[PDB]
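Peer 1: Chains as they are written, first to last, in the numbering used here: chain A, -17 to 88; chain B, 92 to 336; chain C, 100 to 279; chain D, 55 to 313; chain E, 20 to 60; chain F, 300 to 356; chain G, 15 to 111. Next up is a structure, given as structure tokens.
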Amino acid sequence: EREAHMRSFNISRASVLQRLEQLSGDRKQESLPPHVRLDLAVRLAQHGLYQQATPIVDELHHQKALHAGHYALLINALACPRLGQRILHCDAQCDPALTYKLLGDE
Amino acid sequence: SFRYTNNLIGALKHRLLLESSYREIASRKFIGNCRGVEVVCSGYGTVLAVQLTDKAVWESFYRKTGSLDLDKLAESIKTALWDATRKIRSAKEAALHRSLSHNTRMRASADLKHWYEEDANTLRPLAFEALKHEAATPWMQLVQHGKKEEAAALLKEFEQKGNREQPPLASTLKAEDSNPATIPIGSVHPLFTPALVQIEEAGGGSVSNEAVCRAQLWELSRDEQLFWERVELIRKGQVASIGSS
Amino acid sequence: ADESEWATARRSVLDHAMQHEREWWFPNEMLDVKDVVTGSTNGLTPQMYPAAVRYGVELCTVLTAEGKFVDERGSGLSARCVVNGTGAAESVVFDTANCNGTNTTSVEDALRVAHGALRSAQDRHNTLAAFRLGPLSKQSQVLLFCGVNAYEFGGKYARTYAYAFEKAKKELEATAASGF
Amino acid sequence: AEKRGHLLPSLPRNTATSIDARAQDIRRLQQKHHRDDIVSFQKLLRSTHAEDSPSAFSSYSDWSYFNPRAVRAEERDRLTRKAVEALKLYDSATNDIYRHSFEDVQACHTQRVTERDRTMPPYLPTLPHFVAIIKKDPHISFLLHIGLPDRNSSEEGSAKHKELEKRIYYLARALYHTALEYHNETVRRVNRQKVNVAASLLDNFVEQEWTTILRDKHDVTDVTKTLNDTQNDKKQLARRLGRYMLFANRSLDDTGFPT
Amino acid sequence: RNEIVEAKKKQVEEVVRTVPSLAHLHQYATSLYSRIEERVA
Amino acid sequence: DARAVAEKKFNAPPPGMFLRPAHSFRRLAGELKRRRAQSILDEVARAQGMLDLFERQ
Amino acid sequence: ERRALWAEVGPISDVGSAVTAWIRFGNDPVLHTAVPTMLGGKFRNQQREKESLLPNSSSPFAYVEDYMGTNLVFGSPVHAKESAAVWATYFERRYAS
């Protein structure tokens, strides 16, 4: 069951990184709508990939496309609630205090 | 028993995750800003571009009438470069912690944290070996990353046929080069890479089962002759008969 | 370089390499190579070899290189940059003493000078590290390629290291760390 | 003296390479005080004086006439170190010319070199190993690059940088000397106190500059809210950095010693 | 002096045509020396 | 004189070791190491004797 | 026994594969060939040699011999007869035993 949860998280993280590489390669000069970049930054930050999401947030804040709820959505996604599920089911052995203790390492 | 083989598997899983993540960091952009100054670097720390986002609004801050600051601007380039270099070193620590988290749940890799003791100063990509890896030709980047079947085809088309916003290793290291299954046995460890290539195939990147079995079978013929020459030395056998004069 | 070109610059290089680049060219007994013949056998110990590479990597990380750049578009902008071994910059300074005629330089021109001063100083550090870690890694490849029978993965134990390499791959293939 | 020296310049004598008033003051600081090579790796780790002159203080234009033993001490120690490296070159050659038996080298290759236990570990504490750990601190890496003013721009920025580099090499050398005398317990209790006085020197300096660059930047008031920037700054990276973990508070494993 | 510097020049060009990897490394050295060398103007 | 008659007999080593053959890479580099380091030791003691001579010992 | 048979190819067969290997080892063809060569504490200068029968190469692979001072491959003919005299002396004493 631990290997199954690890496999599921790695497949989802690979899909998110492939979506990011597709939106960065094919859309080199075509400017994306702001909500697609917002959803991509949220899905990047939720999977523990915070460095790949912060230039998107800098561009969205510089374009003044972000509003009151979108900032709270980005900060809540920065707590990584998809890496937390893998650390729950594999690393912390389902101890919910140990998820907070082990998410501070990443 | 089998304490060496079970520890070698845990070390090579640590080396495969540290090789597949070095190819993820090096083919990536690291953008740091201070005050509208986009300093873009790659994973190797080389500055790709020193840009300015929205020149119309950031012109009045550096008073381009007036004279240029060259101290507000100089402290903005250095801060944006320092903020971009630490994101490289924070990504190498995320590469090391993910390499152990896939290993310490299987083979108790907390001791490999002690047996290696690596940090961002020692984890690859190193910024002072950035010249020979980034400024190399695309054929030389295919032979530095152990891709023989792709560098031989790029060499054949060299024979018969005849502010850059991208890191120079992004063309070589694609998304499929982040898999450890494609990583050969020669480049899994940059310390012993002059010696691990004899294990590897001549034309391919996989392990040559014929040459590996040949290196063992040459040792087995030498050690058997060392065995039976010592049985003759230690314990002599019974002597046959003659006729005394 | 001609010998006439080196002789006129021999005084100005060697006093700079003694004042500012002293730690780059000072002899360090763990790193320097005294002999090309017996460097791999007598000098470099195969047990002391991974500690010397770590000693050299940690040394060039904390050291200091410098590089300058002059604007090629007529302006007398000169920028001097000091770059560590991590890629970061310690000091960025501009020189306006060469150009008296001013107010014709945009902010895009000044960033292009600083981009050239960082590119010159980072390539200065990469060439200085290629001569400090240069001859040690050359004697390393003689010790490892011709000394596979002294190591844990040559001879009869090459089959074990290849078996552990394939077994490490299937344990990453069982999870999605390889197949994804 | 300069007129008589320039008339015979090819005569390779015992060189001084300074003026008459310059070499008198250079011999004044050399024979009355020790040189400062704290920021160097190789020279300070092998720093050793073969002789000293304590109960002697004369004029250095006349001390060469009164007591020529102490004024000839430096180039005599230079010939002493030249005698050792020739002998180290001599002892390295006997392994080159002479070899063991063939059955002896066969016995070595039965016990292969294993990376885990048979190799020396790469994380052994050296002198630049401790400078790299002490500069990996995000508060020290801030003050080295962007926290202090540039050493090339201003003359006070170089004074803050040389003071910062003095206390970095103080703590790194004390941690380097602790690992050398770690096998015995007598000097190890002393070297732990050498670290605690060297760590408190740097913790006093970092917390002095951190209160400086925060409070002085409170008086500049650069207003960039109209620019809609990314909120990176000199203050806004310093206040977003955490609390400064003091080096006197840290144990040995937090300052580079292996666990 | 001119007889030796063309003796090596045809010697290098025979080496380049036999080994096609060395023809690729001559293009690397010219592109690297354009980056490292201090420009004069 | 003892080094001469010992060298002429081989056409003194440490007791547990042997002698490499001539015209080999390690022996020629080792004999060049011994030839240069001997010349340093003559010029060190000679120049240090000039220091004691002009000190009026 | 059927998988592993005779082989005369070696790990590096030709010079064209040696160039491919020399870059994979971590070497820069400009930087790691521009290093000076030091022999006995004295650097080799402008390729000037005085009664030196050592080979002249900045590559340290050119001086590789056996532990017994034997180079039966690529050796000079005065050294290759002395290298074959060592193993003919050792295997005389070994096989007469």
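Just so you know, even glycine gets a beta-carbon here, dropped at the ideal spot from N, CA and C.
Report the CB separation of C/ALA213 from B/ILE274 in whole angstroms; it is logged as a contact under 8 Å.
Peer 2: On the third sequence, position 114 is the one that residue 213 of chain C refers to. On the second sequence, position 183 is the one that residue 274 of chain B refers to. That pair is no contact at about 38 Å.
Peer 1: According to DSSP, B/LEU246 sits in a beta bridge with which residue or residues?
Peer 2: As a first step, residue 246 of chain B must be located in the second sequence, where it is residue number 155. Paired residues: none, contrary to the question.
Peer 1: If you draw a straight line from the C-alpha of D/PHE120 to the C-alpha of D/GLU129, how long is it?
Peer 2: Start at 1 with the first residue of the fourth sequence, and residue 120 of chain D comes out as number 66. Start at 1 with the first residue of the fourth sequence, and residue 129 of chain D comes out as number 75. Rounded to whole angstroms, D/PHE120 to D/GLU129 spans 18 Å at the Cα level.
Peer 1: Along the segment 236 to 266 of chain B, what residues have a CB closer than 9 Å to any CB found in chain D?
Peer 2: Residues passing the 9 Å Cβ filter: none.
Peer 1: Measure the C-alpha to C-alpha separation of C/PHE168 and G/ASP42 and round it to an integer number of angstroms.
Peer 2: Mapped onto the third sequence, residue 168 of chain C falls at position 69. Mapped onto the seventh sequence, residue 42 of chain G falls at position 28. Straight-line Cα distance between these residues: approximately 25 Å.
Peer 1: Closest by CA to C/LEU143, which one among D/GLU209, D/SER146, D/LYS86?
Peer 2: Taking the first residue of the third sequence as 1, we reach residue 143 of chain C at position 44. Nearest option by C-alpha distance: D/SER146.
Peer 1: From which residue to which residue does the beta strand (DSSP E) around B/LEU139 run?
Peer 2: Here residue 139 of chain B refers to the residue found at position 48 when the second sequence is read from its first residue. B/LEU139 -> beta strand (DSSP E) spans 138 to 141.
Peer 1: On the DSSP letters alone, give me the boundaries of the alpha helix (DSSP H) that C/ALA108 sits inside.
Peer 2: As a position in the third sequence, residue 108 of chain C is number 9, starting the count at 1. Taken as a continuous stretch (DSSP letters only), C/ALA108 belongs to no alpha helix (DSSP H), as it is neither H nor E.
Peer 1: Between which two residues does the beta strand (DSSP E) carrying B/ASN97 extend?
Peer 2: If you number the second sequence from 1, residue 97 of chain B lands on position 6. Unbroken run through B/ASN97 is the alpha helix (DSSP H), 94 to 117; no beta strand (DSSP E).
Peer 1: Against chain C, does F/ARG325 count as a neighbour if the rule is that its beta carbon must be under 8 Å from one of theirs?
Peer 2: Within the sixth sequence, residue 325 of chain F is the residue found at index 26, counting from 1. F/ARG325 counts as touching chain C.
Peer 1: Per DSSP, which one or two residues make a beta bridge with B/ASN270?
Peer 2: Position 179 of the second sequence holds residue 270 of chain B. The partner list for B/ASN270 (beta bridge, DSSP) is empty, contrary to what the question assumes.
Peer 1: Between A/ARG68, A/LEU84, A/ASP21, which has its C-alpha nearest A/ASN58's C-alpha?
Peer 2: Reading the first sequence from its first residue, position 76 is the one you call residue 58 of chain A. That would be A/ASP21, whose Cα lies nearest to the Cα of A/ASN58.
Peer 1: List, in chain order, every chain D residue whose beta-carbon is nearer than 8 Å to that of B/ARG126.
Peer 2: Counted from its first residue, the second sequence places residue 126 of chain B at position 35. Going along chain D in sequence order, the residues near B/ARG126 (Cβ under 8 Å) are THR278, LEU281, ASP283, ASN286, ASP287.
Peer 1: Buried or exposed: which applies to C/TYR154, given that a residue is buried once 16 or more other Cβ atoms fall within 10 Å of its Cβ?
Peer 2: Here residue 154 of chain C corresponds to residue number 55 of the third sequence, with the count starting at 1. So C/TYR154 ends up on the buried side.
Peer 1: Note the first and the last residue of the continuous beta strand (DSSP E) segment covering C/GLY166.
Peer 2: Taking the first residue of the third sequence as 1, we reach residue 166 of chain C at position 67. Run containing C/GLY166: 164 to 169, per the beta strand (DSSP E) assignment.
Peer 1: Taking C-beta pairs closer than 7 Å, name the residues in chain C that B/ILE168 reaches, listed in chain order.
Peer 2: Against the second sequence, residue 168 of chain B aligns to sequence position 77. Correct list: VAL191, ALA213.
Peer 1: Checking 8 Å against the spacing of the C-beta atoms, do G/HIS46 and F/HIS322 come in under that value?
Peer 2: Reading the seventh sequence from its first residue, position 32 is the one you call residue 46 of chain G. Reading the sixth sequence from its first residue, position 23 is the one you call residue 322 of chain F. No, they are not a contact pair.
Peer 1: Got a sec: which bits of the segment 2 to 14 of chain A sit with their beta carbon under 7 Å from any beta carbon on chain B, in order along the chain?
Peer 2: Under the 7 Å Cβ criterion, the segment 2 to 14 of chain A contributes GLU3.
Peer 1: Just checking my contact of C/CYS159 with C/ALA228 at CB under 8 Å: how many whole Å lie between their CB atoms?
Peer 2: Start at 1 with the first residue of the third sequence, and residue 159 of chain C comes out as number 60. Start at 1 with the first residue of the third sequence, and residue 228 of chain C comes out as number 129. Their Cβ separation, rounded to whole angstroms, is 4 Å, which keeps C/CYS159 and C/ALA228 in contact under 8 Å.
Peer 1: For the alpha helix (DSSP H) containing C/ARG179, list its first residue and its last residue.
Peer 2: The count along the third sequence starts at 1 and reaches residue 179 of chain C at position 80. Unbroken run through C/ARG179 is the beta strand (DSSP E), 177 to 182; no alpha helix (DSSP H).
Peer 1: Measuring only between beta-carbons, confirm whether F/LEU352 sits less than 8 Å from chain D.
Peer 2: Within the sixth sequence, residue 352 of chain F is the residue found at index 53, counting from 1. No, F/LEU352 does not count as interfacial toward chain D.
Peer 1: Scan the segment 207 to 241 of chain B for residues whose Cβ lies nearer than 7 Å to a Cβ of chain E and list them as they occur along the chain.
Peer 2: Residues passing the 7 Å Cβ filter: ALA226, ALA227, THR228, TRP230, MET231.
Peer 1: Which chain A residues sit within Cβ distance under 7 Å of C/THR274?
Peer 2: By one-based count along the third sequence, residue 274 of chain C stands at place 175. By Cβ distance, chain A contributes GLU(-15), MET(-12), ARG(-11), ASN(-8).
Peer 1: Which of the three DSSP states is assigned to D/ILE194 in this structure?
Peer 2: Within the fourth sequence, residue 194 of chain D is the residue found at index 140, counting from 1. DSSP places D/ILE194 in helix when its eight states are reduced to three.
Peer 1: With H, G and I counted as helix, E and B as strand and the rest as coil, what does DSSP make of B/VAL303?
Peer 2: On the second sequence, position 212 is the one that residue 303 of chain B refers to. The answer is helix: DSSP assigns B/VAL303 an H, G or I state.
Peer 1: Quick check: the segment -8 to 1 of chain A against the segment 211 to 221 of chain B, are there 3 or more CB pairs under 8 Å?
Peer 2: With the cut-off at 8 Å, the segment -8 to 1 of chain A and the segment 211 to 221 of chain B do not touch.
Peer 1: Mapping DSSP to helix, strand and coil, what is C/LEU143?
Peer 2: Within the third sequence, numbered from 1, the residue matching residue 143 of chain C stands at position 44. Three-state result, C/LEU143: coil.
Peer 1: Locate the alpha helix (DSSP H) running through D/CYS162, then write down its first and last residues.
Peer 2: Numbered from 1 along the fourth sequence, position 108 holds the residue referred to as residue 162 of chain D. Here the alpha helix (DSSP H) through D/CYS162 covers 156 to 162.
Peer 1: Taking the alpha-carbon of D/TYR152 as reference, which of F/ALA303, F/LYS307, F/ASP300, F/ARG333 has the nearest alpha-carbon?
Peer 2: As a working note, residue 152 of chain D is residue 98 in the fourth sequence. It is F/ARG333.
Peer 1: Could you check if B/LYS155 is buried or exposed, using at least 16 other CB atoms within 10 Å of its CB as the buried criterion?
Peer 2: Sequence index remark: in the second sequence, residue 155 of chain B carries index 64 (1-based). By the neighbour-count rule (16 or more Cβ atoms within 10 Å), B/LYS155 is buried.
Peer 1: I'd like the span of the alpha helix (DSSP H) that includes B/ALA226, first residue to last.
Peer 2: Here residue 226 of chain B is taken as the residue at index 135 of the second sequence, counted from 1. Run containing B/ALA226: none; DSSP gives neither H nor E here.
Peer 1: Should the segment 233 to 245 of chain C be regarded as contacting the segment 185 to 196 of chain B, the criterion being three or more beta carbon pairs within less than 8 Å?
Peer 2: Counting Cβ pairs under 8 Å, fewer than three are found: no touch.
Peer 1: For G/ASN41, list the residues DSSP reports as bridge partners.
Peer 2: Counted from its first residue, the seventh sequence places residue 41 of chain G at position 27. In DSSP, G/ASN41 forms no bridge with anything.
Peer 1: Helix, strand or coil for B/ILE122? Go by DSSP, reduced to three states.
Peer 2: Taking the first residue of the second sequence as position 1, residue 122 of chain B is located at position 31. In this structure, B/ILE122 counts as strand in the three-state DSSP scheme.
Peer 1: Taking Cβ positions, are E/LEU41 and G/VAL33 nearer each other than 8 Å?
Peer 2: Stepping through the fifth sequence from its first residue, residue 41 of chain E is reached at position 22. Stepping through the seventh sequence from its first residue, residue 33 of chain G is reached at position 19. Cβ atoms of E/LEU41 and G/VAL33: closer than 8 Å.
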